[PDB]
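# Working through the structure, step by step
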Amino acid sequence: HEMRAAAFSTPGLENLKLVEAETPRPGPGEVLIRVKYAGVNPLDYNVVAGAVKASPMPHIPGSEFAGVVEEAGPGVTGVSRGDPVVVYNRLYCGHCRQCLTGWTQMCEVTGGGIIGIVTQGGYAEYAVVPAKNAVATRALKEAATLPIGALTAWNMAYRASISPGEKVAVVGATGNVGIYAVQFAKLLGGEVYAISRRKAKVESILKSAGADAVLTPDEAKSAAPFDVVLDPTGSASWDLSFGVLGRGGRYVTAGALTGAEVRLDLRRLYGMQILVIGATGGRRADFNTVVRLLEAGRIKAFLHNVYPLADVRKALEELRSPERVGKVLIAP
Amino acid sequence: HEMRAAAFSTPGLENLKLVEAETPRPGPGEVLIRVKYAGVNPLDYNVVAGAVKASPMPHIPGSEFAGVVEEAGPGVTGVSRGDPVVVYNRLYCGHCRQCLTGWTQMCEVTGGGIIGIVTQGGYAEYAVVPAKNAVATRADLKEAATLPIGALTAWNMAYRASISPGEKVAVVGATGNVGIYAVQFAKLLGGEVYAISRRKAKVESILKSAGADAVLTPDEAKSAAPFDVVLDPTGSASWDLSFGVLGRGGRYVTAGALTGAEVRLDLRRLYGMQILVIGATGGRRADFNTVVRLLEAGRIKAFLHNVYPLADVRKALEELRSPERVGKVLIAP
Amino acid sequence: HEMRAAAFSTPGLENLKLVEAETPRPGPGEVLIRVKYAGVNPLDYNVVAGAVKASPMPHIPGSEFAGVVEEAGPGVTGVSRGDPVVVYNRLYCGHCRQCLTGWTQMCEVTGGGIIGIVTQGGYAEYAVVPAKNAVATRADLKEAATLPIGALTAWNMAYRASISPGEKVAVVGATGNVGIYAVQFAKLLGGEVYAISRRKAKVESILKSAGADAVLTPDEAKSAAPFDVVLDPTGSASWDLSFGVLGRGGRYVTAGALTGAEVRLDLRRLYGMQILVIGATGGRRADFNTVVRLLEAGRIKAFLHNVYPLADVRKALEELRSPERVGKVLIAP
Amino acid sequence: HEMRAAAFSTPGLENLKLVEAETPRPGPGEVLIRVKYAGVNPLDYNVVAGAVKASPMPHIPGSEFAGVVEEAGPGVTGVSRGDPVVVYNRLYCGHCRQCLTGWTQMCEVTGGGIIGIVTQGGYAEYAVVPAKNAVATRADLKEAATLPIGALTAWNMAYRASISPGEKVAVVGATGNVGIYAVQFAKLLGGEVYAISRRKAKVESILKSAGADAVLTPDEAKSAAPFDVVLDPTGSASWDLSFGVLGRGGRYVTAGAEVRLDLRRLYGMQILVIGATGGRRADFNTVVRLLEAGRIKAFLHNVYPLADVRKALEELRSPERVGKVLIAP
Ligand SMILES: [Cl-]
Ligand SMILES: [Cl-]
Ligand SMILES: [Cl-]
Ligand SMILES: [Zn+2]
Ligand SMILES: [Zn+2]
Ligand SMILES: [Zn+2]
Ligand SMILES: [Zn+2]
């Protein structure tokens, strides 16, 4: 059996090519999934561009996908052929200190290894994952926005300890993570201030996602202080995100694995009793929660475009586009 | 120098009389409030029935009220005459361990003393309260008058339940004043909210409009179990059903109105399921400010039923006992 | 091929039953719509109850709905599969004296015929309507489904009342589906808007957020008289309390839901005060587009009470008469 | 007794002198008002500049004012000493075809004569006006003094424009005294209001707080077209808007000022070009009530004492003025 796939033998977007590949077969504890939709994320871009080493080489990227189970590996029970599933993207052992306390994305054994980075991912017709990573859902186009976009945002909001009344600023609120951070900050009862430079073009979308106000970076300085800043853009908005925080403010940062180094004002940190909280991925337990919330309609998938596998390079480049407002998906 | 008020020299609903009393005067750290609206709650009823002892005697009840500052006593800054305010109803010292950790309703010096139970209350044209308890508000005062007991109690129950988004929250007594706010807060916190009511045939849609995702009779609630959280402001009435529907790690939060009750608690089920049985009363002084701002922002909603003049206080207490419809009963002096 | 639908073969609320029925197919100039939301209105109640004759029989009611275009029939253009639409509910020919002057609800060829009364309606998964009656909208379809009766009727009443800024406009039945939008349009045209309601405490906040400057009981409205305009969407229910509040040159704009509505008019008061009694029904096809555009812009608001599934259609229709109800009841097939 | 007043004997701001004058006495049908606030408008500037003849001479200008009734003339009833009032500025006879149909500003007997132009006006401690022109008000007289010209002229333009909810209304010169109320009335009537300004950054927030849905420069407005209504308080829209910005059935209303007009475009688009001036006496009562109810708002820039009347008038032309200038005698 042969399948279509987007693969690169050397990093660089220019080397990402449509190829024909041996359709993998699921081993013990694994399932084979017919990928229906895969997300296009800064992480996928950075994998292809070479900012993070991938395996195997040549490499099929794509760390966020949903599809239908094609074959269950020997001794696999719990999910079976025909089941629509969405895939939690971290490999985890289930027996180390981190997995047993819920932080599967910190697994000491797998290093937090990401499907589509340390294994072949979803920019292909078929992919093999662990069966325990595959979550049956009745939601697949919307579900394919969950493994990175929604789950990362949930994990940030969870780690910020937002409480009703608290002023929450979301930097990068039009990005895949930020759009779900707006939603989760509102669902936890926050007063939600969404920040984008394109406020005029995007204000309707962001309020639809739960924002109480949309602000440019310079206006947010005037709306300070905030009790929480959710900043999924890494080091990119560090200067603005730290200075708008009030007493006891929580700055939650996540990122897409690219170089990020900043200058921390210790005097302000200790004087204001601010917390700078790292977040990455999400817990395996909370992925089930995010899937159920999508099924219940309590969170929403904001889609910009769906592209065939053959347009994967243009889809990746559309992450940079000022006209893009929402998620870009690939459909093998 | 004189004011109208409702008062009783001895307990009993029959003994609640419209009188003329000496208009009280604010001392230092106090304000005098022209009462615009006072809530009618189970607590007030039980004070007038004698189920809870009041002081002084004879007694003006009314522990939930809003109005306009008429006079500021010595040393008072930050409120002036004309200010519409809604009154936090727990006296608190600010210096004990409970106050200093924010549990001002547990003050060790005042014993949690409730305005209108250990002081004269708001069933009167005027009342005196500490200035630090009077919160300035731009909300309509009829709606503000639902906050000191109804909303704040419900908030404090929901806060003590550590509700996480997605968790299933059942609210028992969801048509009552506390319960209808418990539905709103459970939803505001991301819960999936199931309002339980024997009257679902009549109250289903009003409870949906308060934020419930579904409304269930008790028999349907058994089939919808398990729940992660049960909020029960009605004390001992619903105990076996509220406790039986809880899942692993479930939290049962109970509040009451100082009527005595006892339940039979199966500790084996409690420890086998790692359930928590959590008492809640009143709310935190800091959280009352938050509740006031949430009303002003329209993030929660005051469900009102009828306003009665002071002279119909007996009719008003009766309407609490057998309501024509769901919502808060107010007294307007 | 088969769809679920609420239908009745003889009138009476007890005979409205969930059935399976042939999915209808769109003939020329017609579209098939997957109904997302249908309004529950007094008009739908009166059709099911027998006050109005429906065709065909057995009959699927529901004159107010929005949804997603599923199939376009022969000859249809500019309306494609998946387009969310809300349905103008009057059948019109486009060529008679009434249609050509804009009064499409007065069409002389179709007789003003209302979709879901003279055709099968929206209390089903699918309904076929004329393509030109389907208005594309980017509004949430839950909100859009409050427009074809509630907002459009209200708009048409306010428009025919010649309201000018400053004028005192009383809206009776102000919490009904039409009334709540009539508050909004009277205010949008510049009126000083008095919402008249006897349950004033319960509905004041919602009516003020719809744009009422004040909320008065009917007896307070007698004391606040004179008014320049009464918007009255309740048939004959309010006439005997409200007609007397109009001053000189006042306009009494009457609409209703097709039940008997005979009243006694004092011709002497009418001619002595130069009052106009102005009939209003439905609205103009052109104005429906405007009302849809105003909802998309946020200039008018849909005030929802609850959404029921199609199986609960009898409960939804009876909730229309509930003392508990404030706001729109929707059916979601 | 004597009063302070600004008067001129020959035209020109530099000839507007502070003098002492006999306080006038109210005759039949008149009241004496102690002026509290008087507006500064282009009309007062042009009267003082000599562009409009005035009487009597020497002349006290000031056509927009509010104050307190000090004395009622013989036989006057209805309004009483001590009443705060704001003055409708058109003399009207009450008996001709215009007055009887409500167009008092068109009165055929008085010629539309304006108080402070054909009578001594409000830039003085006291002024005499007809009793029927004084409207009692519970509004702050500071804000009331913005109504007889600013608010009323704008109301009359929006009235004559037949604005329907949803119509797109462009207001030219939107920071002017009339323009800023025109923004408000266009919004109060349901319009979608585009305020046009060359000073867009300086005034955007002020125009939004007056009810403008957008603030545009003249070149940005070319793209927002077409408009159903163009309100042009000063007759200057031809410098900021091509006649082509008006849509089908479009209405252009001007309350001030020769221009060149494509008749073919006018009849082909069924456009209306509509003149407006002052306001109807009945509508003045309505404007006063809307201010009292907070439904329209007075945007003030500065208040000057009567001694600074020359600076107040000249401030009408300052590029730094955003809002109304008042004199307080
Ligand atoms: Cl992104
Ligand atoms: Cl209704
Ligand atoms: Cl000006
Ligand atoms: Zn592990
Ligand atoms: Zn204490
Ligand atoms: Zn016709
Ligand atoms: Zn005349």
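In terms of determination method and resolution, the entry is listed under X-ray crystallography at 2.2000 Å.

### Brief notes about the interface of chain C and chain B
One frequent convention defines the size of an interface as the accessible area lost when the parts assemble. Tallying the contact residues gives 15 residues for chain C and 15 residues for chain B. Only α6 (200–209), β14 (304–309) and α11 (313–319) of chain C provide two or more residues apiece to the side of chain C that touches chain B.

### Here we look at the coordination of the zinc ion (ligand 5)
Around a metal, the idealised angle for a tetrahedral arrangement of four donor atoms is 109.5 degrees; for an octahedral arrangement of six donor atoms it is 90 or 180 degrees. Residues and elements named next belong to chain B. Distances from the zinc ion (ligand 5) to its protein donors, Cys93 (SG), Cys96 (SG), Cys99 (SG) and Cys107 (SG), fall at 2.3 Å. Counting along the primary sequence, the residues that act as donors to the zinc ion (ligand 5) give the motif C-x2-C-x2-C-x7-C. Under the relative-accessibility criterion, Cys96 is labelled buried at 8%.

### Describing unusual backbone geometry
A negative phi angle characterises most non-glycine residues, just as the trans form characterises most peptide bonds. Following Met57 of chain B, the chain continues to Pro58 of chain B via a peptide bond in cis, the omega torsion being 0°. Along the chain, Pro58 of chain B turns up in the loop between α1 (42–49) and β4 (65–72). The linkage connecting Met57 of chain D with the following residue, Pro58 of chain D, adopts the cis geometry, with an omega of 5°. In this fold, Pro58 of chain D is placed in the loop between α1 (42–49) and β4 (65–72). In the Ramachandran plot, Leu258 of chain B falls in the positive-phi region, its phi being about 65° despite a non-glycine side chain. Secondary-structure assignment places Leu258 of chain B in the loop between β12 (246–254) and α9 (267–273). One non-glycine residue with positive phi stands out, namely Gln270 of chain D, at about 50°. Locating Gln270 of chain D in the fold gives a position in the loop between α8 (263–269) and β13 (272–275).

### Brief notes about the packing of helix α4 (residues 147–160) of chain C against helix α5 (residues 177–188) of chain C
Residue and element names in this part refer to chain C. Contact geometry for α4 and α5: axes closest at 8 Å, N-to-C directions at 45°. Here α4 is positioned oblique relative to α5, judged by the angle of their axes. Crossing angle aside, the handedness with which α4 passes α5 is right-handed. Mapping the contact onto sequence places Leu147, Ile149, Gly150, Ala151, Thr153, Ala154, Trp155, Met157 and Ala158 in α4 and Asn177, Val178, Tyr181, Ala182, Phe185 and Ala186 in α5. For the contact of α4 with α5, a count of residues per class yields 12 nonpolar, 3 polar and no charged.

### Structural notes on the sheet that holds strand β11 (residues 227–232) of chain B
By way of backbone hydrogen bonds, the strands of a sheet pair with one another, either parallel or antiparallel. All names here are of chain B. Pairing within the open sheet is parallel, and its 6 strands lie in the order β10-β9-β8-β11-β12-β13. Bordering the open sheet on either side are β10 (214–216) and β13 (276–279), each of which pairs with just one other strand. With strand direction ignored, the average angle separating the axes of adjacent strands in the sheet is 20°. Pairing geometry for strand β8 (residues 168–172) and strand β9 (residues 192–196), over 5 bridges, is parallel. Bridging from a neighbouring strand, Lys168 pairs with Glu192 of β9.

Criteria and thresholds
- Residues numbered from 1 in each chain as written, not as in the entry; some residues may be left out.
- Chains lettered and ligands numbered in written order.
- Heavy atoms only, no water.
- Residues with missing side-chain atoms left out of burial classes, pairs and counts.
- Contact = heavy atoms within 4.5 Å.
- Helix = DSSP H or I, 4+ residues; strand = E, 2+ residues; numbered from the N terminus.
- Donors = N, O, S within 2.8 Å, 3.2 Å for Na, K, Ca; no water.
- Buried < 20%, exposed > 50% of the residue type's maximum accessible area, 1.4 Å probe, protein only.
- Axes fitted to C-alpha atoms, helices over the stretch in contact; angles between N-to-C directions.
- Parallel < 35°, antiparallel > 145°, perpendicular 65-115°, else oblique.
- Left-handed = near helix turned anticlockwise from the far one by under 90°.
- Nonpolar A, V, L, I, M, F, W, Y, C, P; charged D, E, K, R; others polar.
- Pairing = 2+ DSSP bridges.

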